[PDB]
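Undergrad: experimental coordinates for this protein are included below, preceded by the sequence.
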Amino acid sequence: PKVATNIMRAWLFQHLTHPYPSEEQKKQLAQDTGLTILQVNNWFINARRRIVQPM
């Protein structure tokens, strides 16, 4: 769980200007994390929603 989260957090911070992984990138992250494409996409939707949310 921690490893998977760190994989996607590292990718996110390396792509803050365009935090939208392509279909191929989603497949790479799913392989590295052990998550499905659906789960990977959900994690990034939530990440982008929480970044812009107010305090």
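TA: Here it is on my side, so go on. Numbering: from 1, shown residues only.
Undergrad: hang on, residue 32 packs against residue 10?
TA: No. Counting by C-beta atoms under 8 Å, residue 32 does not reach residue 10; the two are 10.0 Å apart. C-beta: built from backbone N, CA, C; applies to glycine.
Undergrad: the two: which is more packed in?
TA: The neighbour count for residue 32 versus residue 10, taken as other C-beta atoms under 10 Å, is higher for residue 32 (14 against 10).
Undergrad: the more buried one and residue 5: what is the separation?
TA: Per C-beta to C-beta, to the nearest Å, residue 32 is found 12 Å from residue 5.
Undergrad: can you pull out the strands in this protein?
TA: Secondary structure of the chain by DSSP state E: no strands are present.
Undergrad: helices of that one, residue ranges please.
TA: For the chain, helices defined by DSSP state H occupy the ranges 2-13, 23-33, 37-52.
Undergrad: buried set for the last one?
TA: Applying a neighbour-count criterion of 16 or more other C-beta atoms under 10 Å, the buried positions in helix 37-52 are 40, 41, 43, 44.
Undergrad: show me what that helix is packed up against.
TA: In terms of contacts (3 or more C-beta pairs under 8 Å, 6 or more residues apart in numbering; DSSP states H and E), helix 37-52 is packed against helix 2-13, helix 23-33.
Undergrad: specify the angle between it and helix 2-13 in degrees.
TA: Counting by axes from the mean of the first three to the mean of the last three C-alpha atoms, to 10 degrees, helix 37-52 points 60 degrees away from the direction of helix 2-13.
Undergrad: quick one, what contacts the residue located most distally from the centre of the chain?
TA: Relative to the C-alpha centroid of the chain, counting by C-alpha atoms, centre = their mean, residue 55 is the outermost residue, at 21.8 Å. Applying C-beta atoms under 8 Å, 6 or more residues apart in numbering to residue 55 gives no contacts.
Undergrad: same check, this time on residue 29
TA: 7, 8, 11, 21, 35, 40.
Undergrad: which one of the residues you listed sits closest to residue 48?
TA: If you rank the contacts of residue 29 by distance to residue 48 using C-beta to C-beta, residue 21 comes first, at 11.1 Å.
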